[PDB]
Every structure is written in C-alpha cells, then in structure tokens.
Amino acid sequence: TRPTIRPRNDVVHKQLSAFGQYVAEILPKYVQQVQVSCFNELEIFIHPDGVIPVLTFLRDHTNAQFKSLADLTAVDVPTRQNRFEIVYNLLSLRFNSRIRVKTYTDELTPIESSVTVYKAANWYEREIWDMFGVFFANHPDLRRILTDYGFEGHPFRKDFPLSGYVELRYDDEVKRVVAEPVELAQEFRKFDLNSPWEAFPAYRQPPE
Amino acid sequence: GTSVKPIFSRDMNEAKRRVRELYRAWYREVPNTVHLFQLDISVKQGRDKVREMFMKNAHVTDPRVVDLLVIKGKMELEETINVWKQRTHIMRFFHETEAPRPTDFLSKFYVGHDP
Amino acid sequence: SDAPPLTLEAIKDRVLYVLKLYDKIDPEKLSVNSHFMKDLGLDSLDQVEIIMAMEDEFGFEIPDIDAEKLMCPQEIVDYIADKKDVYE
Amino acid sequence: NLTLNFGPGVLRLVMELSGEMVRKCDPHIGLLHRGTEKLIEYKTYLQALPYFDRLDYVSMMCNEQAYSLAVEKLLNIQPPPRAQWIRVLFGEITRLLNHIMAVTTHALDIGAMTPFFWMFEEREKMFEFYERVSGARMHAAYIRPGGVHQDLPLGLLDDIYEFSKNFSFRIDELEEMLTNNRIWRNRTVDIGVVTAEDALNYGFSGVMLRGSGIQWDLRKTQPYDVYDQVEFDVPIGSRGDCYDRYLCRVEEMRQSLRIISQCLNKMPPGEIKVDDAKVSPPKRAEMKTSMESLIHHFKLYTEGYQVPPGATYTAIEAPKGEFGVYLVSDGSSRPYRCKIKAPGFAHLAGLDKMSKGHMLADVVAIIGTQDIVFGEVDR
Amino acid sequence: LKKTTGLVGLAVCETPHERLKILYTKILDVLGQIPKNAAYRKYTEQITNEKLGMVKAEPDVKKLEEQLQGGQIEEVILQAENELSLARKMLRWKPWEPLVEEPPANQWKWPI
Ligand SMILES: CCCCCCCCCCCC(=O)SCCNC(=O)CCNC(=O)[C@H](O)C(C)(C)COP(=O)(O)O
C-alpha cells in the first residue's frame with residue numbers, strides 16, 4: 001500500500017463494530033442488520049416501526065448521545081417491493097462519532113415523523129415528501145417546500161422524467177404566465193457509457 | 001389477506017366521509033377565490049372545475065389512495081386560501097392557451113404519427 | 001320577541017323553494033317525498049351541495065354524520081323542525 | 001395581529017405581527033430550486049463536480065473539496081501531499097472570501113455600507129488569485145477527486161504572501177467601524193439568542209454552535225487533508241447572539257490568516273494529482289506519446305472512472321457550517337444518488353424560533369447572522 | 001464556586017453531588033422494573049452504578065469532572081435526566097422483545 005492508496009484504520013473499525021453489536025443487543029425488536037464499511041462507517045438497518053424508539057435511544061442513552069441530526073434523506077430504488085429507503089445521519093459530539101440508520105417504505109405506507117426527537121427533521125421531512133411522495137404521520141405541517149405551487153408529481157423519483165411534463169412562458173393574450181406541455185428545441189442526448197468487462201471482481205453477484 | 005397499515009381510514013366509508021368534507025370546503029371557498037384573485041371566471045364554472053377535478057379520481061377503490069388524494073387536495077386548498085398561489089397558478093386549471101386536441105381517428109391521422 | 005313563530009308549512013315552503021332554485025332538479029318532477037338518488041337521478045355530491053344550500057338558507061350548521069341520511073325533502077323538513085323546536 | 005408577505009438572494013417571508021412584535025415568521029423557499037440532485041444522476045463524477053461550485057457560490061473550492069473527499073473515500077485512493085496543502089490553502093482563502101461577504105452584507109443590510117466597498121477590493125484581489133490558478137474568477141472547478149487540476153504558476157505564492165501580510169489592517173479598519181459602535185451593538189446585542197441544547201437539537205452547525213459556547217469544529221475534531229498539521233484557535237462565544245457571532249467571524253478571519261501563513265511556509269514539492277491514470281488523467285505529453293496514456297485519457301474523458309459500489313456521508317467545516325454529501329455509487333461511472341447537506345437549510349428552518357418576540361427590524365439582523373445563500377438551501 | 005458554565009441556557013448547579021445521587025437512584029429504581037434478561041437494563045445498571053460509585057468516592061467537583069469523563073458536572077446532570085427519561089420511555093416501549101418481522105427477500109441488497 002504505497003502512496004496512492006488510502007490508508008485504513010483498524011481501531012475505529014473495531015470500535016464501530018463493537019458499538020454496532022451493542023446497539024443490536026440492546027434493541028433486538030427493531031434491528032435487522034448492522035454493517036461497518038471499509039472506510040469506517042457504521043449503518044444500522046431497522047424495521048420501520050422502530051424509527052422513534054431507536055432514534056430516541058441513540059439520542060438519549062449515556063453511551064451514545066447522538067445529539068445532532070446531520071441529514072435526513074430518501075433514496076428511490078424501483079426494483080424493490082418497498083420502493084424508498086430513508087436514511088438518518090447522526091453525529092455525537094460527546095464521543096466524536098457518526099452513525100447511520102436506514103429504514104424502508106413504499107408509496108402508501110406512512111412513516112412516523114421524528115420531529116419530536118430532532119427539531120431539525122421538520123424541513124427535511126417536508127423535502128422528502130416534496131421529492132419522493134413519502135407521507136410522514138404526525139408531522140406538525142407537511143406541505144411542499146421546494147417545488148412550485150400546484151406542481152404535480154415527485155421529481156426525485158426514478159420514473160419522473162428529467163425535464164418534467166410542463167414548461168412556463170408568458171402569454172400576451174391572457175397577459176400572464178402560463179404552463180404548457182414541454183417541447184424542447186434540442187432533445188437531451190442520452191449516452192450509453194457503461195462498458196462491458198466488469199471493473200470490480202469483489203462485488204460480483206452469483207450467476208443465479 | 002394482505003394486511004396493510006392505514007393512513008387515516010379503516011375502510012371505504014371513512015374515506016368517502018373525508019372526501020365529502022374536502023368537497024364541502026372547496027365549494028365554500030370557490031367564491032372567495034374568484035373575488036380575491038380578481039379572476040375572470042364565474043363562481044359557477046369555478047365550482048364546475050372543482051367537481052370535474054373530483055370526478056377525475058372517481059374510479060379509485062383503495063382507501064389509502066383515496067385519503068392520500070384527500071391530503072393532497074387539502075394541501076392545494078391551504079395553498080389557495082392563504083394566497084400562496086398567484087392568479088397564474090389558479091388559472092392553470094383551465095388551460096385557456098392550450099390548443100384543442102381532436103380525439104377523432106382521422107384528425108390524429110392528419111396531424112401526425114401520434115396515436 | 002314579537003316576530004311570528006316558524007311553522008312546518010313555512011319550513012316546507014322554504015325547503016321546496018331552495019330545491020326549485022337548484023338548477024339540476026326541475027320543478028315539475030320534485031315532490032316532498034321524492035328521493036334524491038333514484039327519483040331525481042342525483043349522486044352524493046349534488047346531495048352535499050343541496051345540504052350546503054340548506055345550511056345557508058336556514059342559518060345554521062349541519063354535521064356530516066347526520067347530513068348523509070337526509071335523502072328526501074320531507075325528512076330534511078323533519079330534521080330542521082327537530083333542530084328548531086316547533087309545534088306545527 | 002396582521003399578516004405581511006415580504007416577497008421578491010431572493011426569499012419570500014410570510015409573517016404574522018401583533019403591533020411591532022413578530023408573532024410568527026414562515027420562510028417560503030424554492031425560488032432557486034434548480035433540481036441539481038436529479039441533474040447529477042445524468043453525469044459522470046467529473047461532469048458532476050462543477051455543480052458544487054454553484055451550490056454555495058460564495059465558497060466554491062470548499063464545496064469542491066467536500067465532493068472530492070467523498071469521491072476519494074469511495075475510490076479508496078488518496079491525493080498527493082502537495083495537492084492537500086494547496087487544497088487547505090485555497091480553502092482558507094475561500095473562508096476569507098466568505099467571511100468578508102457575510103460580515104459586509106450584514107452591515108450593509110443594517111445600514112453601514114462603507115466596509116462593503118473597503119473589503120470587496122480585497123475580494124477582487126482573491127478573485128485574481130482564483131483566476132491565476134484556474135482561469136476563472138469564481139466558478140473555478142479546480143479541486144478534483146484526484147487532487148487539483150493544475151500546479152500553481154511560478155509567481156503565485158509570492159503574491160499570496162504579499163496580499164496576506166496587509167489584510168490584518170483591513171480587518172482592523174472593519175473592527176474600528178463596527179466592533180465598538182453603539183448603534184451596531186444596539187442592533188446586534190441580545191438579538192437572536194439561541195441556547196446550546198436548542199442549537200444542537202435544531203441541527204445548527206459552525207458559528208451557530210460556537211456562538212452559544214459549544215466547543216466544536218470539524219477541522220479540529222475530524223481533520224481532513226493536512227489540517228492536523230497546522231495550528232490555530234477556535235473562537236467561542238458566550239451569549240449566543242448576533243454580536244458574538246460577528247465577533248467569532250472576525251476572529252476566524254484572523255485565524256485563517258494564521259493558517260494561510262503556515263500553508264505558505266510548508267508547501268511541499270511533488271505532483272499535484274494521484275499517480276493513478278485510471279482515476280487522474282495523464283499529462284498531455286504522455287497522452288501524445290504513450291499508447292496506455294492515450295487510451296486512459298480517451299476513456300476517462302468519455303466514460304469516466306468507475307467507482308466501487310457503496311454509500312458515504314462526507315462532511316467538512318465549510319465557512320457557513322457543516323457541508324456534507326451523501327453519495328451512493330452503484331459501481332458505474334455515474335453516481336446513483338447525491339444528497340447535498342447545506343447548513344443554511346437548518347439555519348433557515350430555525351429562523352422561526354430565533355425571531356420569537358423581536359421587532360420586524362431584527363429579522364433582517366437574524367437573517368444576516370444566519371449567513372444564508374439560497375443556492376445551497378434550494379439546490 | 002464557578003459561574004457561567006459557558007453554554008447558553010445551562011445554569012450553574014449548587015450542590016451537584018446530591019442532585020447526581022438522586023438522579024442515579026431514580027434511574028436504578030426505574031431500571032428495576034425492566035426484565036433482568038434485558039440487555040438495556042444490565043448495561044445501563046452497570047453504567048449507572050459505576051457513575052454513582054464515582055460520585056460517592058469523590059467530594060471535589062473538578063476532580064469528579066475529570067474522573068467522570070463528562071466534564072462540566074451540569075451537563076452530566078443533564079445527561080442523567082436524559083437517561084431517566086429514556087429509561088421510562090423504554091420501559092413503555094419494551095424493545096427487548098424479538099424482532100417484529102423480517103424485511104423482504106432483497107430489501108437491503110446493493111448494488112441493485
Ligand atoms: C378553482 C380550481 C379548483 C381546483 C380543484 C382542486 C381539486 C382537489 C382534488 C380532488 C381530491 C380527490 O381527488 S378525492 C378522491 C376521490 N374519491 C374517490 O374516488 C372514492 C371512490 N369514488 C366515489 O366514492 C364516488 O365515485 C364519488 C363520486 C367520488 C363520491 O360520490 P358518492 O359517494 O355520492 O357516490
């Protein structure tokens with residue numbers, strides 16, 4: 001491992017693995033998986049019903065005190081029965097550590113709002129609802145935050161087209177801005193960049 | 001089988017009741033929207049547009065979809081009442097600038113290749 | 001308090017007049033015992049609109065729970081009288 | 001109790017006021033939502049790099065650095081030492097630029113408007129530094145996931161030294177105009193007071209933490225590049241109001257000067273991008289003489305490098321707070337998902353609680369002390 | 001005694017040893033109702049007994065702050081109250097029970 005390769009830290013790896021097993025032992029009702037990545041990032045995969053308990057634990061336990069919510073977001077994977085995965089990034093200042101909590105939902109299953117655990121979640125949840133269509137139960141005021149008023153659809157979904165469905169212009173007959181079906185003078189050029197000849201043998205999937 | 005978590009309604013009747021409440025609220029609001037935005041439409045055609053937008057989704061037989069639609073309609077009503085929309089947003093429901101599209105087979109044959 | 005008391009004859013006249021002004025029910029077909037669904041060909045939304053017309057004609061509010069069972073003008077008159085405490 | 005709609009960088013604000021006091025203040029955003037995160041999924045990693053220039057467009061190279069660090073972590077490579085030193089030097093220059101903009105815009109909105117010109121002359125000089133190193137004044141695209149694009153020109157360090165040795169007097173003139181002024185103090189003291197626990201729970205970061213007395217700074221607790229090789233102090237507030245945050249920002253300007261001096265003296269020799277042609281493009285002469293170099297140039301500029309599958313959350317101490325990226329790779333040359341975490345998002349979400357029981361004229365001060373740019377808030 | 005802990009909104013506590021003892025005894029009392037086999041009960045009991053012995057074996061405040069590894073005894077008290085609230089809520093939640101249900105077959109499979 002000469003100067004072009006990123007150095008690795010075994011002590012942090014061991015510490016994060018130990019804390020992951022600790023968390024899993026404490027909350028076996030909700031934890032389904034624990035992982036530590038090769039660049040020393042710990043993630044915990046939980047059942048959706050445990051969003052409020054688990055987070056509360058990680059915020060209030062003396063051995064965790066993850067008091068900061070760094071980020072809350074969603075990822076859309078159409079091939080899964082539960083389309084959306086919800087990712088919470090937490091920072092602990094007492095122990096100078098970071099953790100990630102993942103759960104899942106589909107287009108019709110509500111997720112509990114975590115504003116009672118972290119005040120920062122409020123706008124984040126709004127953003128998720130705006131961009132993916134995930135509903136959060138018991139949210140103080142859930143509504144659109146990024147899209148235009150009356151905008152239809154959720155643009156961060158994979159099946160949503162890049163340029164959308166409508167475009168805006170000014171019309172002098174009705175003397176106002178109007179929305180019309182989108183027409184592009186130059187269509188966006190789709191590129192097929194992926195090569196054959198797989199790059200990484202370590203991630204090869206079984207040929208099933 | 002196929003047990004699922006509710007959003008708001010346990011069955012179809014509760015969803016229908018929520019739909020009726022939302023429709024009542026929109027019907028009450030329409031004249032205020034017409035006056036306050038200084039629109040050029042009548043109250044009658046505003047309420048007709050509300051009815052049409054409700055009837056567009058009349059084929060749904062799933063309570064979760066129905067009350068998600070009700071949540072979205074309540075969001076739209078809140079946007080309208082608080083005058084967060086402009087006149088352009090309100091007028092977008094009517095497509096007064098879009099050219100009429102013929103549903104006839106011959107006309108679509110004449111204009112282009114689109115079925 | 002010298003105003004004349006309200007009577008079921010006046011209640012029926014007012015309810016029938018609001019029915020007449022409703023543009024989807026022609027006067028020649030409606031009766032006090034006519035039924036909104038089959039006798040007049042109306043769905044739930046026209047019934048709701050008629051209920052709101054009653055609400056702003058009789059100057060009070062009608063909860064949705066008991067507004068969904070009024071299906072003929074006669075029982076609408078009955079409900080108005082019951083909430084109004086009249087004798088005749 | 002009336003309602004006011006202060007609409008059209010650009011912000012819409014819907015507030016209820018009873019008399020002069022602010023009872024409720026709801027910001028409406030999205031007027032600069034460009035759909036950056038969806039657009040990034042249609043680009044290679046190199047093609048996606050220039051969007052981070054436009055995210056927070058007062059601190060360009062810092063966003064560049066955060067994105068580059070995330071991609072480097074996913075690629076399991078490391079930049080050469082000289083690239084790291086150049087990155088930290090230009091990150092501190094960018095911190096100076098951002099802090100000048102924040103403080104002088106705050107003062108201009110309050111009504112001072114002279115230090116704006118006084119310090120925008122210095123801002124123009126640092127724009128000259130940007131242009132000499134990259135060819136562009138602000139949207140530089142200089143810091144890449146393999147290091148930096150190009151080495152410094154032969155006389156740049158001397159001019160950076162000449163500039164940095166006179167900047168403390170400009171800061172001193174700023175403080176003479178603002179620090180002890182009774183009107184400025186009356187506009188800033190005890191305005192927008194936030195407690196430490198509320199700041200932690202509301203997701204605040206950076207100065208919005210340190211003004212309340214929280215001893216936290218990502219360059220000290222979770223150092224990246226060569227930061228652990230430079231010494232500096234972290235200014236800490238005591239009352240958690242606008243005045244303490246202004247003092248903290250001025251002190252961070254001074255500490256940035258200190259770090260820049262250290263960076264100038266310990267700049268090492270060597271290459272400036274990783275010596276791995278499957279990630280960093282070869283030199284032009286090598287491209288024009290060697291077969292492997294031509295092939296790797298062609299493939300890197302058409303397909304791009306593949307990143308092994310996985311997800312990272314990488315955060316840096318940007319001049320406005322913790323700036324983060326959640327980057328998800330599916331194994332191809334295009335990112336599967338890129339979520340951008342901007343501190344101004346949480347700060348603007350906390351604006352409502354920060355402005356409780358204040359005057360209408362105090363909301364402007366709170367907005368200025370939050371250091372909001374809507375490019376990063378809306379994305 | 002000191003003044004101005006340094007965090008806005010965190011008041012200085014006079015007589016923090018008695019407050020710490022009361023909070024730790026309340027935490028142990030609440031933990032007593034949790035099943036013995038629960039990992040949360042045994043782990044938190046270990047931590048709380050360690051801290052209680054630490055505060056019972058040290059009259060000095062600065063040396064206690066150095067020994068407790070928390071620093072600023074006021075935020076130690078704040079963390080003790082947070083632990084008490086979590087203990088009550090976790091008694092209500094009962095998360096020592098087995099997993100509610102398994103995820104679908106390929107819910108966490110990445111890539112694709
Ligand atoms: C001025 C511009 C105004 C804009 C208008 C905004 C419109 C808001 C969007 C509408 C919200 C929805 O889709 S609400 C979702 C609609 N609800 C359903 O589809 C349930 C199943 N269908 C039925 O129950 C009947 O067909 C039905 C006719 C609906 C009821 O009449 P009856 O029970 O008697 O039979």
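So that the names make sense, note that chain A is the first sequence line, chain B the second, and so on, each numbered from 1. Both ligands and their constituent atoms are indexed starting at 1 by order of listing. When reading the values below, keep in mind they use all heavy atoms of this one structure, side chains included, and skip hydrogens, waters and symmetry mates.
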May I ask you to check whether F136(A) and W129(A) place their ring centers less than 6.0 Å from one another? no

The option among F54(B), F94(B), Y23(B) carrying the non-hydrogen atom nearest to atom 10 (C) of ligand 1 is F54(B)

Of the listed options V48(C), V65(B), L69(B), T33(B), closest to atom 11 (C) of ligand 1 (non-hydrogen atoms): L69(B)

Using modelled atom types only, decide if a donor and an acceptor are shared between the side chain of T103(A) and the backbone of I46(A) within a distance under 3.5 Å. yes

Distance-only N or O hit between ligand 1 and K16(B), under 3.5 Å: yes

Heavy atom of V60(B) under 4.0 Å from ligand 1? yes

Could you tell me, atom by atom, which parts of ligand 1 come under 4.0 Å of a heavy atom of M53(B)? 7 (C)

Do any nitrogen or oxygen atoms of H59(B) come within less than 3.5 Å of a nitrogen or oxygen of ligand 1? no

Ligand-residue contact atoms, ligand 1 with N57(B), heavy atoms, under 4.0 Å: 12 (C), 13 (O), 16 (C), 18 (C), 19 (O)

Aromatic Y42(D) / basic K190(A) pairing, under 6.0 angstrom, 45° off normal: no

Can you name the atoms of ligand 1, numbered from 1 with element, that are less than 4.0 Å from a heavy atom of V50(B)? 3 (C)

Determine whether a donor-acceptor pair (N or O, by modelled atom type, separation under 3.5 Å) exists between the side chain of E14(B) and the backbone of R10(B). yes

Please determine whether any non-hydrogen atom of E76(B) lies less than 4.0 Å from an atom of ligand 1. no

Would you please indicate if the ring centroids of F160(A) and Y165(A) are separated by under 6.0 Å? yes

Evaluation steps, side chain to side chain donor-acceptor pair (under 3.5 Å), between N138(A) and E112(A): CA-CA 7 Å; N138(A) 306 309; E112(A) 278 293 358; 3.0 Å; yes

Determine, stepwise, if the pair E49(C) / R47(B) fulfils salt bridge (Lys or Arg N to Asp or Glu O under 4.0 Å). CA-CA 11 Å; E49(C) 295 185 35; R47(B) 275 146 169 180; over 6 Å; no

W26(B) heavy atoms, cut-off 4.0 Å: which ligand 1 atoms fall inside? 3 (C), 6 (C)

Can a salt bridge be assigned to the pair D141(A) and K24(D) using a cut-off of 4.0 Å between side-chain N and carboxylate O? no

Below 3.5 angstrom, do we get any N/O pair linking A58(B) and ligand 1? yes

Contact between ligand 1 and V19(B) is defined here as a heavy atom of the residue under 4.0 Å from a ligand atom; is it met? yes

